[PDB]
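**Q** This one's a deposited entry, sequence included:
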Amino acid sequence: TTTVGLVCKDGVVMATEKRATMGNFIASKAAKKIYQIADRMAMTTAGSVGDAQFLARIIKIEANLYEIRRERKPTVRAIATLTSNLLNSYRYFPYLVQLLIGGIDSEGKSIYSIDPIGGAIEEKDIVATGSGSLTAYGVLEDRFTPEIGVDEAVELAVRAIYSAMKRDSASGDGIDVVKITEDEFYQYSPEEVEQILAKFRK
Amino acid sequence: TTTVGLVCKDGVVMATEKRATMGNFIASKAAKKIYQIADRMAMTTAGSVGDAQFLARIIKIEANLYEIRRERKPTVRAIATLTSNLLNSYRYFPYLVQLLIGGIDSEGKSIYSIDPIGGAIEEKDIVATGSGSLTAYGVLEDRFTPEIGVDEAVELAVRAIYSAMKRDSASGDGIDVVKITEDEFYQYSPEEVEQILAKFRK
Amino acid sequence: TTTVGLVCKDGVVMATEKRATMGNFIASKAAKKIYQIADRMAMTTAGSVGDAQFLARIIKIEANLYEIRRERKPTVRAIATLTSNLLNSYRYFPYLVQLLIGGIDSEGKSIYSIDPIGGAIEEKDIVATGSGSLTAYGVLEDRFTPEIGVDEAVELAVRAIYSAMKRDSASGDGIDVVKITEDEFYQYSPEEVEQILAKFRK
Amino acid sequence: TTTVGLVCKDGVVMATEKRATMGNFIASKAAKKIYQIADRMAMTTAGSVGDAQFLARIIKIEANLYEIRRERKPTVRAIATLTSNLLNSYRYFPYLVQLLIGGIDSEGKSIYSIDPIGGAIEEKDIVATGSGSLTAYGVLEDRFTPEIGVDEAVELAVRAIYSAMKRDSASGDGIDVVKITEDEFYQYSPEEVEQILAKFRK
Amino acid sequence: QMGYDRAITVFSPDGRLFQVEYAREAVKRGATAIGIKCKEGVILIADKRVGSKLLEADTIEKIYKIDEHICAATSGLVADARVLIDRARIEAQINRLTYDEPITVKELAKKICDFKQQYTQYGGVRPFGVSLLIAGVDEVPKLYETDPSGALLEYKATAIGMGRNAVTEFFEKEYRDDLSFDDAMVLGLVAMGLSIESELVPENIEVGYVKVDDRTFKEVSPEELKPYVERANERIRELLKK
Amino acid sequence: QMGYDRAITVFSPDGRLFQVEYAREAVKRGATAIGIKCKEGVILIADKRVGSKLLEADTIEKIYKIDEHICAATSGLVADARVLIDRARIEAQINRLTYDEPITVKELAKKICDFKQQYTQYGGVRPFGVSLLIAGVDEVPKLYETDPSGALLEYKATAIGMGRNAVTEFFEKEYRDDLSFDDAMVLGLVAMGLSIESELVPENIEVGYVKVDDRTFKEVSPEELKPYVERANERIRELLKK
Amino acid sequence: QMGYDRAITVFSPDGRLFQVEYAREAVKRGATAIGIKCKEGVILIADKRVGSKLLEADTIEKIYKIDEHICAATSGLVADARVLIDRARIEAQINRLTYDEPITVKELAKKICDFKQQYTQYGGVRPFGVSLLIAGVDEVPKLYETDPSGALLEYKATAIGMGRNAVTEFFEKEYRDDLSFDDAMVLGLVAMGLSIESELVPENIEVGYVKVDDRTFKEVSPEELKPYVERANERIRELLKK
Amino acid sequence: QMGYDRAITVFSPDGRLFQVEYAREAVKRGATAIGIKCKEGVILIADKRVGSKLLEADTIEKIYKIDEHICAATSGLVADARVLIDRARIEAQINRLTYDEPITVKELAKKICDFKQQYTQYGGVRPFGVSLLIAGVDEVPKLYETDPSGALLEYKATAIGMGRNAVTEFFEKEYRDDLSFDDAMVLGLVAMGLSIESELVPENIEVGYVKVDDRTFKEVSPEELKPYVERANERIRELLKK
Amino acid sequence: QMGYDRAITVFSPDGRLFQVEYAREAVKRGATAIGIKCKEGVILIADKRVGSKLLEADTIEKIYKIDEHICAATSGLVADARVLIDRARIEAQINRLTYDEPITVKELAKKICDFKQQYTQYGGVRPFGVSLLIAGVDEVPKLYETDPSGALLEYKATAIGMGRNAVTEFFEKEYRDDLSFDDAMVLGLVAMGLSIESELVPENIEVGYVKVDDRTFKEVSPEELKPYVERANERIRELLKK
């Protein structure tokens, strides 16, 4: 599994692989990995499939509850830290997922990288998370400009998961890319993206 | 062990093996592994027999209880969410059954898989779960049209399972097919199902 | 340990082995392994002797409470299902026993088999959980009929545990069989039974 | 995975190596793994990002609490002793961590080492701690004088870990130093630090 | 005096519980409900007439499916109904969870009585002042009344609520055990109509039943309801010419 | 006079509990229930007539099976009776569970006395209003009475409720230590007819019994009841002639 | 004087509990809110005029988000509303957790009705002296009122507070079930005008709505409300002439 | 009245909670505390007067730091106030624990309303006899008042305490919505000079504030207090000749 | 007045609480205890008068030890003081546990007063009826009076007990914030001699004091009370002639 993150100045783009592989065993075919926390906020998970969906629904519900309480939308930081707190409370259950929680809030664009022991940290650069992560970081940091479209941003995130995939048997296809352009919450979804990576072949 | 779910133009069909063998143990050849949750909702279990049944009884009691109390029918989404919460909370008494809850509801037709570790993912129109899964995907996709009839679907469901049982030395000779055509909830059951694959010589 | 059970044309007959060991002593010399649960209700058990002895006392008592409370004798379905909850509880204690609970009731004649993790399941034919179960299923289907009498049933049941006697280390000669015809609750006990396995000779 | 710390004569200087990696995901390499408890207090952790930031949050919240409730700036020992008590509460899951809490208070300048399961013990002007501990002692103690200012102290800490870095294999590139001279709370971060060490290593 | 009436723990020199006695009168304040048993099933007729035209005429519902084959009417406070019925719904399914078998009409009605019996013995609480009629067919048809006190009395036709007094007198002469399902349905709306002493309209009353050829709760639409209410209205007219 | 029925944590100046004496006068505000011990069995008769003819014959219907050899009838609140009776049934099966010993008639009555005394002593709850006749043959015939508070007294014939006093006075003349099953059954039917000041009909009482020779509960059947009405009524006519 | 309102646990002899009929009076003394249903969504309209100009002009609030598709308004103490609205928001969101479907207007109302009724039964806690309006479109537009009793009443149009009695009579004449979205918002803006006996300025009313087509809660901006308010002023002034 | 004022649970037939009005007269026993909101910052001015000269006035203070941009003031029991505000300190800190982001002034107000509400609801406990003035800037300046039950009113010029009524009259006239932070500081000392009924000495007053630009708490030391008080005195004396 | 003094959960119509007022009369009933603060320390004196000689000549204990530099003294209910100071002692130890630093007198006083306020909240628990004068030096000397009401007040000189009022009027004239350590204790001895209106002997006073220069509480023997006692006795004599 691998999840990638990057900060563009027109938006926040993160990506997933939705067909995660054990090594040769699969039980997915449209298995969810991208969770819509708001129009400006996303949770992209790498890990176990199941633990992430259970954790995502808790978080979605409280994100809305929090909007309604302060009459003021959550920051990206606030939802990241909420998940850190939940993860430690439920460490007496076996819920293991490493998360990337990113989006847009009024302070700007930012990403927070969370591990299942807690922690949220600001990165306004490259971030990636999982065990396709090492390969993924190699492509991404070099080809990062922080002055990049949200159009030229999707091509790079694609490229990153793709390189990981051809040197992992743990990451498969299903490649989804989410873009948060500050007008809408667009999910390109597997179908189109599998054809962008078709042309990174011949 | 294996279970399949496909969505037709006018129905949903799912299937189980109805005899479960593990080593060379037979605990009954008339055992239940098929649950009628509501009118045109069913639940099809893969995994171990006994945790399927115990967990199952409870979901039925919920299904009535939510209908009565709201004055309107539970969706597939309503109970899919419901099972996944129940599985995550009970990790003092976990259950090792892999569900596929499907049927016809107000939203239309759709089938969600619930992992034995919890969490509800949705599969678009094809899904296989269990050991027989890898081969089963390719069995269903071969004739698959979403405008496949209930009649051609029930037939199609039988070949996916029929590949899994003969290949293993610890799978059963029993099979159950569940048809949900909205004007019926037909339970094909071993005798009727046998003669469909009696054409395939084994 | 193995159990068999079969439903007759006018009653039900169930049977267990005798001449077994627990620790370093014989665990059956006049011991009960078929317990009378209600008036025309029984339990045959395959597993831990003394856990099965203790569970009989509880279920027996709750059957009487249903009868005394509601002025209506219990159905087989009631009782088994209540067993299922208790087995679910007793995963934190030794309590592994494989249970068949059969008899006559308002719905007619039936036997529900309750798994080691619990799960009632209908059988209106023959059932046997056990370890001798597969061999038993061999012998059982051969003279089973739905017009099998209550005295043609006792032959069959003896036959199977005699073929399983050589395949297990817990089964000797002279065994328990019970007929429950609704105008009888008659328990043959070993002596009669030697004479019923002397019609085969051996 | 190493920390050092030294009293100046006009502040507290502590340093932390950036890199924490778990598997193929680098948690920190570009991001914070040093935390602000208070304005005049810092805490450096040798160990995991998740455990460090979640625990630090606690120490931070009771640090602001102490200050507000009692209208008096906290002593170093108060916070120190408080972190120790916390580590007693959660001791059932990994919380083992090597901490230095220091900074300034009314009685002077101090740094206190908290042992991983509890306790707090003190260090006059030189501490280490970490896995590079042996190597760091040689460096800090050698170049220490009793007239040691803040300027050459931030340099001194960089040399101690970067010499450690070679005897370790766990430890990799990047370092954060913090200077709490009382008039500024600066987090130097890798970029400044590497350029200072461009003379003391090449 | 009189009472000794400001505690629930106190029995007065009468030997009654005044508290409890005040709460049977709180049933009466709630709107009428009419229960009627025949040998072909059990019909339950319930008043869903509340308010002028500020409120909608459909007002939930008031004849709640409790179980698969058991339904109940309420009389007394609607607020009191909500909570007694929440618990009642759960209990109906609870029997199915632990036995996987039908709940008895006798047994449901006893444990609906029991919840409030708890609230009658104990000193920290009041019973709800509500009387539910418990009508169903598990295997023979039965009609009971549950009482705010917690008394369980099997009826064969009855009323409770506003119409309690009115309908007993009516049923001394009219109620027979050789009546038809159709005759019972019609006779039950006449009874209700008498309670309100007015002409019926089929839009502000709901009739549901458990038959013995079904063993399932059913409910009779308002499009269906019209002819039964209309043959009722002649008989209300005869009565309101006397 | 008093104000010590206002509590149940108190004693009055005569050292009495007036709360318990008005829970006693709740029993007297319920329809009678009568017990007879003979030396051939023990026979418990309790009223089964209630309300208007629009209530089933089989509306309470008091003489609940508790155990295989123990039946217990009631007088008082039909609401509190039910919970007690259910508690009586549970206590008897607990005894079976923990001993495999069918509970003694005496020891069952004792465990009931103790249960109702928790509810007498505690002030956050009230004492029951109900008196039960606990009856059976453990290995000799026994009839006890458990009181509103839970006082255990052994009787050889008793009654409880509104009918109570007349039937006591009657036994004081007629009842003989030489009594047999046939005579007893007749005797209690006569005794029930003085309470109600009117004839008996077959189904307007229920009678349960435990024989020595069976040492098991059997309910008296209506048809078996019939010859006993006819003989009992002989004496009834004579004693209702003024 | 009474003492039939000393506690919530003492019924009146008439069979009513006085203390919730005084919590009903708690709502009236607070200011008005009107919920107005059409066939194209629902509108919710509430006082914000409160006090002089010391108080903030846009003072927060009567018009609360429950969800982003179900809204509520209150009358009574805005203490008992504030914690109750905290309880409401959680309650809708728990439904969203365990069903991944939004709460229906009817189902949220039922849960508030149970919640209220919890406090009503114990003597150790008082129920809220607050009433709530629950407005949504699940997929049928719906309007309810949940009482301080924890009773559920379905409404075509409803009002609570000071202006309750004026708005009722007013809608008895004018309101129809086929009013447009535009008509139904405006109609209730006259009624709201009448409730305070003054012209409506856009800074003393907060108005939100749930539309059927969107199914998304949206709040009417001060000056976007201004033309709807302006058309209402003609009729409100007219009617204050009399 | 004279009974429905002897508990926090009872309502009156006017539907007033008199225990809560009484907790509010407790507020009026305490010294005046004054808040102004302006668009460049918010001002908190507390009375810090000592009544004997053997008192040490550093702890007669109202002003409590809560968050690093939220200060607050208090009036009511001294006792009630310290425990309440300590809860609020924790609550503000907790919010930073689970979100990593300082608490909003509004959320803190909702949380501390809700804390006081359980204590108004539960009969076993009395309410906090205190109101807060919660003043901060979160991104946009805020001023709240909490009532003893937990009710929330957003202000723009306000006071609680003895002088409240007169301070309310003062800001009716004087307080304008265009006063600079400097200008409004003096105006708020003129409001405090009026209510205390003589001119002020900086030793008997304490000022704290939150401005928008600085977004910090500071506390005004007696050196930094004087230029403002000097301006204020001039006008405080003039209003004592009206 | 009535019914505003028989519980702790009720306020008066004026925002006073007459129960809590009576706990202040409880402080006033007992013996005087004086605390006098100076710039070199803080001197805490409590009357060790005995109303008989049979009473021990060092009666345990008019001056308690809480920490190594913190003491307190009592007036009012002496029963209560034992309990109350046990709490204070554990609280100073608890802070040495969790911060390794002794407790500041200000924050200690808050904690003790909070424990009091907690016992005000509950309806079945009455508050401590005792005032303690907590004295210590943390950085500069500090003196606090803790009241039965839970409220703290800091002083420059103070008294409590039946001599409270006399010594406010006395020190008001006489106290100055420029006494030396010796001059401070002597002036405090004069205050004790005034209150009791007889001369002092080392047997009707217990003195301890706290030095800045030692940061520690030390306890004064009868021998070394003798110089201070003689010097003081002259001023007292002159005061009891006028």
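**A** Yep, that arrived. Residues are numbered from 1 along each chain as shown, chains lettered A, B, ... in the order given.

**Q** Quick check: phi and psi at residue 131.
**A** Because you didn't say which chain, this covers chain A. Reported as degrees, to the nearest 10, the phi and psi values for residue A:131 are phi -120, psi 10.

**Q** my question was about chain E
**A** The phi/psi pair for residue E:131 (degrees, to the nearest 10) is phi -130, psi 130.

**Q** same question, residue E:145
**A** Torsion angles, degrees, to the nearest 10, at residue E:145: phi -120, psi 140.

**Q** what's residue E:28 in contact with, if anything?
**A** For residue E:28, the contact set (CB atoms under 8 Å, 6 or more residues apart in numbering or on different chains) comprises E:75, E:161-162, E:164, G:15. To be clear about C-beta, it is placed using only N, CA and C from the backbone, and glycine gets the same treatment.

**Q** Now the buried members of these.
**A** E:75, E:161-162, E:164, G:15 (16 or more other CB atoms under 10 Å in any protein chain shown).

**Q** Check the spacing between the residue of chain A found nearest chain E and residue G:68 real quick.
**A** Proximity of chain A to chain E (CB to the nearest CB) peaks at residue A:61, 23.1 Å away. For residue A:61, the distance to residue G:68 equals 12 Å [CB to CB, to the nearest Å].

**Q** in what helix or strand does the most centrally placed residue in chain E lie?
**A** With distances taken as CA atoms, centre = their mean, residue E:133 lies nearest the centre of chain E, 3.1 Å away. Residue E:133 belongs to strand E:130-137 when assigned by DSSP states H and E.

**Q** For residue B:12, state which of the contacts of residue E:28 is nearest.
**A** residue E:75 (43.9 Å; CB to CB).

**Q** wait, what's in contact with the nearest residue to the closest one once chain neighbours are set aside?
**A** In space, and not counting its chain neighbours, residue E:75 is closest to residue E:161: 3.2 Å by CB to CB, 6 or more residues apart in numbering or on different chains. Neighbouring residues of residue E:161 by CB under 8 Å, 6+ apart: E:27-28, E:30-33, E:47, E:75-76, E:131, E:195.

**Q** Which of those residues fall in helices?
**A** Counting by DSSP state H, the contacts of residue E:161 place E:27-28, E:195 in helices.

**Q** about what we covered before: most neighbours among the contacts of residue E:161, which one?
**A** Of all these, residue E:33 has the most neighbours under the rule other CB atoms under 10 Å in any protein chain shown, reaching 33 neighbours.

**Q** how far away is the residue lying closest to it once chain neighbours are set aside from chain A?
**A** Once flanking residues are discounted, residue E:33 sits nearest to residue E:73: 3.7 Å by CB to CB, 6+ apart. As for residue E:73, its distance to chain A is 37 Å (criterion: CB to the nearest CB, to the nearest Å).

**Q** Tell me the bridge partners for residue E:73.
**A** On the basis of DSSP bridges, residue E:73 is bridged to residue E:133.

**Q** Quick check, it in contact with residue E:35.
**A** Yes - using CB atoms under 8 Å as the test, residue E:73 is close enough to residue E:35 to be in contact (6.6 Å).

**Q** got any residues that touch both of these two?
**A** Joint contacts of residue E:73 and residue E:35 (CB under 8 Å, 6+ apart) are E:44-45, E:133, E:135.

**Q** If you count neighbours, what's buried in stretch A:143-158?
**A** A:144, A:148, A:150, A:153-154, A:156-158.

**Q** Kindly apply the preceding question to stretch A:121-137 instead.
**A** A:121-123, A:126-137.

**Q** ok, now stretch E:133-153?
**A** E:133-138, E:141-153.

**Q** Could you tell me the end-to-end distance of that stretch?
**A** 10 Å (CA to CA, to the nearest Å).

**Q** what does stretch E:120-139 give?
**A** First-to-last distance for stretch E:120-139 - CA to CA - comes to 32 Å.

**Q** what sits up against stretch A:126-145?
**A** Here stretch A:126-145 has contacts from A:1-6, A:17, A:46-47, A:98-100, A:111, A:113, A:125, A:156-157, A:159-161, A:163-165, A:167-168, A:170-171, D:23-26, D:30, using CB under 8 Å, 6+ apart.

**Q** can I get the CA coordinates of it in PDB?
**A** Coordinates of each C-alpha in stretch A:126-145 appear next as PDB, following Å, rounded to 0.1, in the frame of the first residue of the first chain:
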ATOM      1  CA  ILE A 126       6.300  15.700  -0.300                       C
ATOM      2  CA  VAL A 127       4.800  13.100   1.900                       C
ATOM      3  CA  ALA A 128       4.100   9.400   1.400                       C
ATOM      4  CA  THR A 129       3.100   6.700   3.600                       C
ATOM      5  CA  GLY A 130       3.100   2.900   3.500                       C
ATOM      6  CA  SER A 131       5.600   0.300   2.200                       C
ATOM      7  CA  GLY A 132       5.500   1.500  -1.400                       C
ATOM      8  CA  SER A 133       6.600   4.700   0.300                       C
ATOM      9  CA  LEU A 134      10.400   4.400  -0.200                       C
ATOM     10  CA  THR A 135      10.100   4.100  -4.000                       C
ATOM     11  CA  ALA A 136       7.400   6.800  -4.100                       C
ATOM     12  CA  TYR A 137       9.500   9.500  -2.200                       C
ATOM     13  CA  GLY A 138      12.300   9.000  -4.800                       C
ATOM     14  CA  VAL A 139      10.200  10.000  -7.700                       C
ATOM     15  CA  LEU A 140       8.300  12.800  -5.900                       C
ATOM     16  CA  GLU A 141      10.800  15.000  -4.200                       C
ATOM     17  CA  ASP A 142      12.900  15.700  -7.300                       C
ATOM     18  CA  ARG A 143      10.100  16.400  -9.500                       C
ATOM     19  CA  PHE A 144       8.400  18.600  -6.900                       C
ATOM     20  CA  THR A 145       8.200  22.300  -7.700                       C
END
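
**Q** show me where chain A has strands.
**A** A:2-7, A:12-17, A:34-36, A:41-47, A:97-105, A:108-115, A:118-123, A:126-130, A:175-180, A:185-187 (DSSP state E).

**Q** if we can go back for a sec, include distance to residue I:212 when you put the ones in helices among the contacts of residue E:161 into TSV, please.
**A** Output for those, formatted as TSV (distance: CB to CB, whole Å):
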residue	distance to residue I:212
E:27	77
E:28	79
E:195	89
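
**Q** wait, which of those is closest to chain C?
**A** Using CB to the nearest CB, the ones in helices among the contacts of residue E:161 come closest to chain C at residue E:27, 27.3 Å.
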